[PDB]
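This is run32.pdb (PDB, C-alpha atoms).
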```
ATOM      1  CA  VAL A 203     -39.221 -75.457  46.992  1.00  0.00           C
ATOM      2  CA  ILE A 204     -35.583 -74.429  46.516  1.00  0.00           C
ATOM      3  CA  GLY A 205     -32.472 -76.557  46.199  1.00  0.00           C
ATOM      4  CA  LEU A 206     -29.558 -74.118  46.019  1.00  0.00           C
ATOM      5  CA  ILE A 207     -29.098 -70.390  46.641  1.00  0.00           C
ATOM      6  CA  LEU A 208     -25.947 -68.731  45.280  1.00  0.00           C
ATOM      7  CA  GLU A 209     -25.145 -65.087  46.035  1.00  0.00           C
ATOM      8  CA  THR A 210     -22.847 -62.647  44.229  1.00  0.00           C
ATOM      9  CA  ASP A 211     -22.243 -58.917  44.698  1.00  0.00           C
ATOM     10  CA  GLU A 212     -21.803 -58.080  40.992  1.00  0.00           C
ATOM     11  CA  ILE A 213     -23.991 -57.831  37.892  1.00  0.00           C
ATOM     12  CA  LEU A 214     -23.100 -61.026  36.035  1.00  0.00           C
ATOM     13  CA  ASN A 215     -24.858 -61.043  32.661  1.00  0.00           C
ATOM     14  CA  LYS A 216     -28.524 -61.936  33.332  1.00  0.00           C
ATOM     15  CA  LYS A 217     -28.808 -64.112  30.205  1.00  0.00           C
ATOM     16  CA  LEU A 218     -25.871 -66.405  30.980  1.00  0.00           C
ATOM     17  CA  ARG A 219     -26.991 -66.349  34.616  1.00  0.00           C
ATOM     18  CA  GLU A 220     -30.311 -67.907  33.585  1.00  0.00           C
ATOM     19  CA  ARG A 221     -28.466 -70.341  31.316  1.00  0.00           C
ATOM     20  CA  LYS A 222     -26.346 -71.470  34.276  1.00  0.00           C
ATOM     21  CA  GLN A 223     -29.489 -71.743  36.415  1.00  0.00           C
ATOM     22  CA  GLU A 224     -30.905 -74.197  33.880  1.00  0.00           C
ATOM     23  CA  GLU A 225     -27.576 -76.016  33.495  1.00  0.00           C
ATOM     24  CA  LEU A 226     -26.959 -76.646  37.201  1.00  0.00           C
ATOM     25  CA  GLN A 227     -30.568 -77.699  37.797  1.00  0.00           C
ATOM     26  CA  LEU A 228     -30.425 -80.263  34.999  1.00  0.00           C
ATOM     27  CA  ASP A 229     -26.905 -81.506  35.768  1.00  0.00           C
ATOM     28  CA  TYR A 230     -27.234 -82.009  39.521  1.00  0.00           C
ATOM     29  CA  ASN A 231     -30.483 -83.987  39.484  1.00  0.00           C
ATOM     30  CA  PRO A 232     -29.531 -87.631  40.173  1.00  0.00           C
ATOM     31  CA  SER A 233     -32.428 -88.864  38.017  1.00  0.00           C
ATOM     32  CA  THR A 234     -31.033 -87.089  34.924  1.00  0.00           C
ATOM     33  CA  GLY A 235     -27.426 -86.111  35.584  1.00  0.00           C
ATOM     34  CA  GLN A 236     -24.098 -87.456  36.772  1.00  0.00           C
ATOM     35  CA  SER A 237     -22.514 -84.622  38.771  1.00  0.00           C
ATOM     36  CA  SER A 238     -22.136 -84.144  42.518  1.00  0.00           C
ATOM     37  CA  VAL A 239     -19.293 -81.649  43.061  1.00  0.00           C
ATOM     38  CA  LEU A 240     -19.537 -77.874  42.583  1.00  0.00           C
ATOM     39  CA  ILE A 241     -16.660 -75.376  42.451  1.00  0.00           C
ATOM     40  CA  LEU A 242     -17.295 -71.656  43.037  1.00  0.00           C
ATOM     41  CA  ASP A 243     -14.874 -69.233  41.380  1.00  0.00           C
ATOM     42  CA  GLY A 244     -14.799 -65.463  41.078  1.00  0.00           C
ATOM     43  CA  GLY A 245     -16.245 -64.825  44.544  1.00  0.00           C
ATOM     44  CA  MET A 246     -19.669 -66.449  44.212  1.00  0.00           C
ATOM     45  CA  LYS A 247     -20.937 -67.694  47.580  1.00  0.00           C
ATOM     46  CA  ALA A 248     -23.664 -70.067  48.791  1.00  0.00           C
ATOM     47  CA  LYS A 249     -26.256 -68.920  51.311  1.00  0.00           C
ATOM     48  CA  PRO A 250     -27.253 -71.675  53.778  1.00  0.00           C
ATOM     49  CA  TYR A 251     -31.007 -71.129  53.554  1.00  0.00           C
ATOM     50  CA  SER A 252     -33.702 -73.066  55.415  1.00  0.00           C
ATOM     51  CA  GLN A 253     -37.404 -73.854  54.951  1.00  0.00           C
ATOM     52  CA  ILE A 254     -39.861 -71.347  56.398  1.00  0.00           C
ATOM     53  CA  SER A 255     -43.269 -73.030  56.040  1.00  0.00           C
ATOM     54  CA  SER A 256     -43.232 -76.831  55.934  1.00  0.00           C
ATOM     55  CA  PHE A 257     -46.018 -79.366  55.388  1.00  0.00           C
ATOM     56  CA  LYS A 258     -45.493 -81.024  58.789  1.00  0.00           C
ATOM     57  CA  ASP A 259     -47.070 -78.172  60.760  1.00  0.00           C
ATOM     58  CA  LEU A 260     -50.381 -78.816  58.978  1.00  0.00           C
ATOM     59  CA  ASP A 261     -51.594 -81.797  61.036  1.00  0.00           C
ATOM     60  CA  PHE A 262     -55.246 -82.041  59.990  1.00  0.00           C
ATOM     61  CA  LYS A 263     -55.917 -85.733  60.700  1.00  0.00           C
ATOM     62  CA  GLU A 264     -57.430 -85.357  64.171  1.00  0.00           C
ATOM     63  CA  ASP A 265     -59.782 -82.502  63.256  1.00  0.00           C
ATOM     64  CA  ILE A 266     -61.115 -84.251  60.141  1.00  0.00           C
ATOM     65  CA  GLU A 267     -61.579 -87.493  62.077  1.00  0.00           C
ATOM     66  CA  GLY A 268     -63.464 -85.564  64.750  1.00  0.00           C
ATOM     67  CA  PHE A 269     -65.753 -83.936  62.191  1.00  0.00           C
ATOM     68  CA  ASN A 270     -66.517 -87.287  60.538  1.00  0.00           C
ATOM     69  CA  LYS A 271     -67.189 -88.953  63.896  1.00  0.00           C
ATOM     70  CA  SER A 272     -69.440 -86.069  64.939  1.00  0.00           C
ATOM     71  CA  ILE A 273     -71.463 -86.324  61.716  1.00  0.00           C
ATOM     72  CA  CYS A 274     -71.865 -90.079  62.208  1.00  0.00           C
ATOM     73  CA  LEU A 275     -72.935 -89.359  65.793  1.00  0.00           C
ATOM     74  CA  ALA A 276     -75.494 -86.819  64.571  1.00  0.00           C
ATOM     75  CA  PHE A 277     -77.137 -89.247  62.167  1.00  0.00           C
ATOM     76  CA  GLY A 278     -76.753 -92.197  64.527  1.00  0.00           C
ATOM     77  CA  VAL A 279     -74.890 -94.681  62.336  1.00  0.00           C
ATOM     78  CA  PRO A 280     -72.298 -96.591  64.401  1.00  0.00           C
ATOM     79  CA  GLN A 281     -68.735 -96.110  63.191  1.00  0.00           C
ATOM     80  CA  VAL A 282     -68.172 -99.875  63.004  1.00  0.00           C
ATOM     81  CA  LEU A 283     -70.800-100.221  60.274  1.00  0.00           C
ATOM     82  CA  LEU A 284     -68.923 -97.692  58.135  1.00  0.00           C
ATOM     83  CA  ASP A 285     -65.463 -99.116  58.860  1.00  0.00           C
ATOM     84  CA  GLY A 286     -66.170-102.811  59.408  1.00  0.00           C
ATOM     85  CA  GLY A 287     -64.851-105.137  62.072  1.00  0.00           C
ATOM     86  CA  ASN A 288     -65.048-108.514  63.766  1.00  0.00           C
ATOM     87  CA  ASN A 289     -68.237-110.572  64.090  1.00  0.00           C
ATOM     88  CA  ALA A 290     -68.888-109.378  67.650  1.00  0.00           C
ATOM     89  CA  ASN A 291     -68.480-105.874  66.230  1.00  0.00           C
ATOM     90  CA  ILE A 292     -70.607-106.607  63.156  1.00  0.00           C
ATOM     91  CA  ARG A 293     -73.845-108.098  64.456  1.00  0.00           C
ATOM     92  CA  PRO A 294     -74.512-106.217  67.749  1.00  0.00           C
ATOM     93  CA  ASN A 295     -73.779-102.906  66.018  1.00  0.00           C
ATOM     94  CA  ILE A 296     -76.226-103.757  63.219  1.00  0.00           C
ATOM     95  CA  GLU A 297     -78.912-104.579  65.786  1.00  0.00           C
ATOM     96  CA  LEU A 298     -78.176-101.424  67.793  1.00  0.00           C
ATOM     97  CA  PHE A 299     -78.303 -99.236  64.684  1.00  0.00           C
ATOM     98  CA  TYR A 300     -81.563-100.645  63.328  1.00  0.00           C
ATOM     99  CA  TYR A 301     -83.376-100.732  66.670  1.00  0.00           C
ATOM    100  CA  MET A 302     -82.248 -97.519  68.353  1.00  0.00           C
ATOM    101  CA  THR A 303     -82.157 -95.270  65.288  1.00  0.00           C
TER     102      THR A 303
ATOM    103  CA  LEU B  11    -102.438 -80.863 108.792  1.00  0.00           C
ATOM    104  CA  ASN B  12     -98.889 -79.549 109.054  1.00  0.00           C
ATOM    105  CA  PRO B  13     -98.739 -76.778 111.694  1.00  0.00           C
ATOM    106  CA  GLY B  14     -95.879 -75.075 109.848  1.00  0.00           C
ATOM    107  CA  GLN B  15     -97.115 -75.007 106.259  1.00  0.00           C
ATOM    108  CA  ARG B  16     -97.572 -71.224 106.462  1.00  0.00           C
ATOM    109  CA  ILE B  17     -93.836 -70.762 107.044  1.00  0.00           C
ATOM    110  CA  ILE B  18     -92.990 -72.926 104.025  1.00  0.00           C
ATOM    111  CA  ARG B  19     -95.462 -70.930 101.932  1.00  0.00           C
ATOM    112  CA  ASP B  20     -93.873 -67.661 103.066  1.00  0.00           C
ATOM    113  CA  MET B  21     -90.428 -69.016 102.172  1.00  0.00           C
ATOM    114  CA  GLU B  22     -91.483 -69.548  98.528  1.00  0.00           C
ATOM    115  CA  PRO B  23     -95.045 -68.492  97.595  1.00  0.00           C
ATOM    116  CA  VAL B  24     -94.630 -69.169  93.860  1.00  0.00           C
ATOM    117  CA  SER B  25     -92.477 -71.262  91.552  1.00  0.00           C
ATOM    118  CA  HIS B  26     -89.341 -69.978  89.818  1.00  0.00           C
ATOM    119  CA  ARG B  27     -88.306 -70.720  86.246  1.00  0.00           C
ATOM    120  CA  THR B  28     -84.986 -72.571  86.101  1.00  0.00           C
ATOM    121  CA  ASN B  29     -84.377 -72.411  82.324  1.00  0.00           C
ATOM    122  CA  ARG B  30     -82.504 -69.120  82.401  1.00  0.00           C
ATOM    123  CA  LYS B  31     -81.542 -69.007  78.719  1.00  0.00           C
ATOM    124  CA  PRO B  32     -84.315 -70.314  76.432  1.00  0.00           C
ATOM    125  CA  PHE B  33     -83.128 -68.660  73.208  1.00  0.00           C
ATOM    126  CA  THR B  34     -79.572 -69.930  73.667  1.00  0.00           C
ATOM    127  CA  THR B  35     -81.055 -73.356  74.422  1.00  0.00           C
ATOM    128  CA  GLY B  36     -82.996 -73.321  71.160  1.00  0.00           C
ATOM    129  CA  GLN B  37     -80.014 -72.126  69.133  1.00  0.00           C
ATOM    130  CA  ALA B  38     -77.714 -74.770  70.630  1.00  0.00           C
ATOM    131  CA  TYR B  39     -80.314 -77.476  70.000  1.00  0.00           C
ATOM    132  CA  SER B  40     -80.767 -76.291  66.413  1.00  0.00           C
ATOM    133  CA  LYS B  41     -77.079 -75.861  65.530  1.00  0.00           C
ATOM    134  CA  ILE B  42     -74.978 -78.442  67.505  1.00  0.00           C
ATOM    135  CA  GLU B  43     -74.902 -82.217  66.886  1.00  0.00           C
ATOM    136  CA  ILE B  44     -73.843 -83.686  70.278  1.00  0.00           C
ATOM    137  CA  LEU B  45     -76.892 -81.961  71.935  1.00  0.00           C
ATOM    138  CA  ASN B  46     -79.487 -82.811  69.285  1.00  0.00           C
ATOM    139  CA  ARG B  47     -78.503 -86.483  69.219  1.00  0.00           C
ATOM    140  CA  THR B  48     -78.461 -86.928  73.001  1.00  0.00           C
ATOM    141  CA  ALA B  49     -81.746 -85.074  73.557  1.00  0.00           C
ATOM    142  CA  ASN B  50     -83.472 -87.019  70.775  1.00  0.00           C
ATOM    143  CA  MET B  51     -82.122 -90.287  72.185  1.00  0.00           C
ATOM    144  CA  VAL B  52     -83.494 -89.521  75.652  1.00  0.00           C
ATOM    145  CA  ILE B  53     -86.898 -88.357  74.396  1.00  0.00           C
ATOM    146  CA  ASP B  54     -87.389 -91.275  71.995  1.00  0.00           C
ATOM    147  CA  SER B  55     -86.282 -93.836  74.589  1.00  0.00           C
ATOM    148  CA  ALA B  56     -88.699 -92.366  77.136  1.00  0.00           C
ATOM    149  CA  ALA B  57     -91.551 -92.291  74.606  1.00  0.00           C
ATOM    150  CA  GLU B  58     -90.960 -95.914  73.559  1.00  0.00           C
ATOM    151  CA  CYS B  59     -91.994 -97.252  76.974  1.00  0.00           C
ATOM    152  CA  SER B  60     -95.629 -98.244  77.515  1.00  0.00           C
ATOM    153  CA  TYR B  61     -97.704 -98.235  80.728  1.00  0.00           C
ATOM    154  CA  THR B  62     -99.754-100.830  82.622  1.00  0.00           C
ATOM    155  CA  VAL B  63    -102.714-100.166  84.928  1.00  0.00           C
ATOM    156  CA  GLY B  64    -103.107-102.803  87.623  1.00  0.00           C
ATOM    157  CA  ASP B  65    -104.737-103.050  91.037  1.00  0.00           C
ATOM    158  CA  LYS B  66    -106.846-100.312  92.617  1.00  0.00           C
ATOM    159  CA  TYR B  67    -105.684 -98.758  95.887  1.00  0.00           C
ATOM    160  CA  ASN B  68    -108.523 -98.055  98.320  1.00  0.00           C
ATOM    161  CA  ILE B  69    -107.801 -94.347  98.844  1.00  0.00           C
ATOM    162  CA  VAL B  70    -109.695 -91.145  98.092  1.00  0.00           C
ATOM    163  CA  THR B  71    -108.274 -89.518  94.965  1.00  0.00           C
ATOM    164  CA  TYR B  72    -108.628 -86.271  93.035  1.00  0.00           C
ATOM    165  CA  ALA B  73    -110.243 -88.049  90.056  1.00  0.00           C
ATOM    166  CA  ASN B  74    -112.696 -90.853  90.837  1.00  0.00           C
ATOM    167  CA  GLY B  75    -115.090 -92.983  88.826  1.00  0.00           C
ATOM    168  CA  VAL B  76    -112.524 -93.938  86.165  1.00  0.00           C
ATOM    169  CA  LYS B  77    -112.390 -97.569  85.040  1.00  0.00           C
ATOM    170  CA  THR B  78    -109.246 -99.555  84.283  1.00  0.00           C
ATOM    171  CA  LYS B  79    -110.007 -99.886  80.564  1.00  0.00           C
ATOM    172  CA  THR B  80    -110.308 -96.117  80.121  1.00  0.00           C
ATOM    173  CA  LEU B  81    -106.904 -95.564  81.741  1.00  0.00           C
ATOM    174  CA  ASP B  82    -105.414 -98.328  79.599  1.00  0.00           C
ATOM    175  CA  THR B  83    -106.750 -96.665  76.447  1.00  0.00           C
ATOM    176  CA  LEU B  84    -105.622 -93.180  77.501  1.00  0.00           C
ATOM    177  CA  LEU B  85    -102.083 -94.056  78.583  1.00  0.00           C
ATOM    178  CA  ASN B  86    -101.421 -96.542  75.775  1.00  0.00           C
ATOM    179  CA  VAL B  87    -103.722 -96.095  72.780  1.00  0.00           C
ATOM    180  CA  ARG B  88    -104.809 -92.459  72.340  1.00  0.00           C
ATOM    181  CA  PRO B  89    -104.956 -89.881  75.166  1.00  0.00           C
ATOM    182  CA  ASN B  90    -106.613 -87.018  73.312  1.00  0.00           C
ATOM    183  CA  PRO B  91    -109.291 -87.403  70.630  1.00  0.00           C
ATOM    184  CA  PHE B  92    -107.144 -85.069  68.496  1.00  0.00           C
ATOM    185  CA  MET B  93    -103.519 -85.955  69.314  1.00  0.00           C
ATOM    186  CA  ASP B  94    -101.187 -88.927  68.968  1.00  0.00           C
ATOM    187  CA  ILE B  95     -99.925 -90.995  71.877  1.00  0.00           C
ATOM    188  CA  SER B  96     -96.350 -90.670  70.610  1.00  0.00           C
ATOM    189  CA  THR B  97     -96.629 -86.894  70.212  1.00  0.00           C
ATOM    190  CA  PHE B  98     -98.180 -86.564  73.676  1.00  0.00           C
ATOM    191  CA  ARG B  99     -95.452 -88.650  75.320  1.00  0.00           C
ATOM    192  CA  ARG B 100     -92.649 -86.847  73.479  1.00  0.00           C
ATOM    193  CA  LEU B 101     -94.079 -83.441  74.405  1.00  0.00           C
TER     194      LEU B 101
END
```
This entry written out as structure tokens:
Amino acid sequence: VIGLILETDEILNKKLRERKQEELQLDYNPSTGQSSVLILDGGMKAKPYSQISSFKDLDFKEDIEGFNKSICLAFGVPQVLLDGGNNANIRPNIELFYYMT
Amino acid sequence: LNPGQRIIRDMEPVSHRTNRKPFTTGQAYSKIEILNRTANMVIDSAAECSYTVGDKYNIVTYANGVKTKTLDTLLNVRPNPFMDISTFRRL
């Protein structure tokens, strides 16, 4: 994860560059820091980057639910017994499980 | 007798197997859960049912001289001297 990308076309003193990387990161965090405004001098720019691979494309709920349901189907245990439900769901499912399986 | 049984015989002298892919059948049964469960359900439900021998119809049959008690024992209790009733029904 990245918060800010700043670009310059000159070789600006690697050591103090890393020091400023630490300083900005600590200062601009609202949990530990009280700064909000940044001023760029000397020609340093800010690249408007985006996020390439997010965690919202990985929607794995339906597949995992399907695998669990298919395993329960294979053994024969009704899903209501594992999850739990209302009385009309509780007792007939218990009878069906015991008898049929 | 039927005057046209010879034509029906000539149309199909012998039976044809309709289970085209036995090996694929076995592999699918052995490695996929929605087939194993359904097939086992059908076979077990069919094997659970019993049978009752009742009245005797006054017709000439292929096998004659068999009493009601013997049929009751064969269909319900133990068909073969060497095999289970449940195994026989499931097979």
Would you mind reading off the distance between CA of residue 97 in chain B and CA of residue 49 in chain B, one decimal, in Å?
-> 15.4 Å
Apply the ChimeraX specification (/A :<9) & /B to the structure shown and report the selected residues as a tab-separated table (two decimals) with C-alpha atoms, in the coordinates of the input.
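To be explicit, this is the file written out as part-v2.tsv:
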```tsv
chain	number	residue	atom	x	y	z
B	42	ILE	CA	-74.98	-78.44	67.50
B	43	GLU	CA	-74.90	-82.22	66.89
B	44	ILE	CA	-73.84	-83.69	70.28
B	45	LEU	CA	-76.89	-81.96	71.94
B	46	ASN	CA	-79.49	-82.81	69.28
B	47	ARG	CA	-78.50	-86.48	69.22
B	48	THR	CA	-78.46	-86.93	73.00
B	51	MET	CA	-82.12	-90.29	72.18
B	54	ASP	CA	-87.39	-91.28	72.00
B	55	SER	CA	-86.28	-93.84	74.59
```
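Every protein, DNA or RNA residue with an atom at most 10 Å from residue 85 in chain B, where all atoms listed in the file count and chain neighbours fewer than 6 positions away do not, is listed here: residues 60, 61, 62, 63, 95, 98 and 99 of chain B.
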So which residues get picked by the PyMOL selection byres ((chain A and resi 203) around 9) here, written as a PyMOL selection string?
-> chain A and resi 204-205+253
Between B:34, B:25, B:80, B:96, which one has atoms that come closest to residue 58 in chain B, using only C-alpha atoms?
->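 Smallest distance to residue 58 in chain B is found for B:96.
What separates CA of residue 206 in chain A from CA of residue 228 in chain A is a distance of 12.6 Å.
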Report as JSON the centre and the edge lengths, in Å to one decimal, of the axis-aligned box holding every listed atom of range 19-33 of chain B, padded by 5 Å on each side.
```
{"center_x": -88.5, "center_y": -70.1, "center_z": 88.1, "size_x": 23.9, "size_y": 14.9, "size_z": 39.9}
```
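Pairwise distance (CA of residue 245 in chain A, CA of residue 217 in chain A) equals 19.1 Å.
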Target residues per the PyMOL selection byres ((chain A and resi 281) around 12), formatted as a PyMOL selection string | chain A and resi 267-268+270-280+282-287+291-292+295-296+298-299
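Counting only C-alpha atoms and comparing A:266, A:290, A:218, A:208, the residue that lies closest to residue 243 in chain A is A:208.
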Extract, using only C-alpha atoms, all DNA, RNA and protein residues at most 12 Å from residue 242 in chain A, discarding same-chain residues fewer than 3 positions from it, and format them as JSON, numbers by chain.
-> {"A": [208, 209, 210, 239, 245, 246, 247, 248]}
